[PDB]
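Secondary and tertiary structure notes
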Amino acid sequence: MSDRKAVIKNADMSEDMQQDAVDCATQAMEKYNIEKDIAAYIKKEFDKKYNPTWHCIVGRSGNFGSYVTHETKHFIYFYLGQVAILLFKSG
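Described below are features of the structure shown in this document. (Residues numbered from 1 in each chain as written, not as in the entry; some residues may be left out. Heavy atoms only, no water.)

For the rest of this paragraph, the subject is the side chain of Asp 47. Looking at the element boundaries, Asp 47 is found in helix α2 (residues 36-50). Nearest to the buried, unbridged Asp 47 among oppositely charged side chains is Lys 43, at 5.8 Å. Ignoring anything within four residues of it in the chain, the contact list for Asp 47 reads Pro 52, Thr 53 and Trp 54. (Helix = DSSP H or I, 4+ residues; strand = E, 2+ residues; numbered from the N terminus. Buried < 20%, exposed > 50% of the residue type's maximum accessible area, 1.4 Å probe, protein only. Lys, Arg positive; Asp, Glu negative; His and termini not counted. Salt bridge = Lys/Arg side-chain N within 4 Å of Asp/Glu carboxyl O. Contact = heavy atoms within 4.5 Å.)

This is the structure:
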């Protein structure tokens, strides 16, 4: 019995981001309980403190495997029971 997954999938970043992401993700979920604010709070917190711009997006097993490339060259991917977050920099 575990109705609260919340796990990370993969991350090809330096590491300071998957760390600041897991935190900005934890605080984003603690400060914000929405889906567009978590992505707007992590995307706004990332670009406003990591240089524009990051693609902190959220979803639910929709189609994060045929429209997240954009030549990322580095990114991270979180999971939250039915939800899927994708942070990265398409700069």
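So, on to the pairing of strand β4 (residues 83-88). Taken residue by residue, a regular strand's side chains alternate between the two faces of the sheet. The element β4 is extensively covered by neighbouring structure, given that six of its six residues are classed as buried. In β4, alternate side chains face the same way, and those of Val 83, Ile 85 and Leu 87 on one face and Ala 84, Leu 86 and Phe 88 on the other are all buried. Bridge count between strand β2 (residues 57-59) and β4: three bridges; the pairing is antiparallel. Bridge pairing links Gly 59 to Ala 84 in β4. The sheet contact formed by strand β3 (residues 75-80) and β4 spans six bridges and is antiparallel. What sits directly across from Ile 76, in β4, is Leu 87. Following β3, the chain reverses through two residues before pairing antiparallel with β4; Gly 81 in that reversal takes a positive phi of roughly 35°. (Pairing = 2+ DSSP bridges.)

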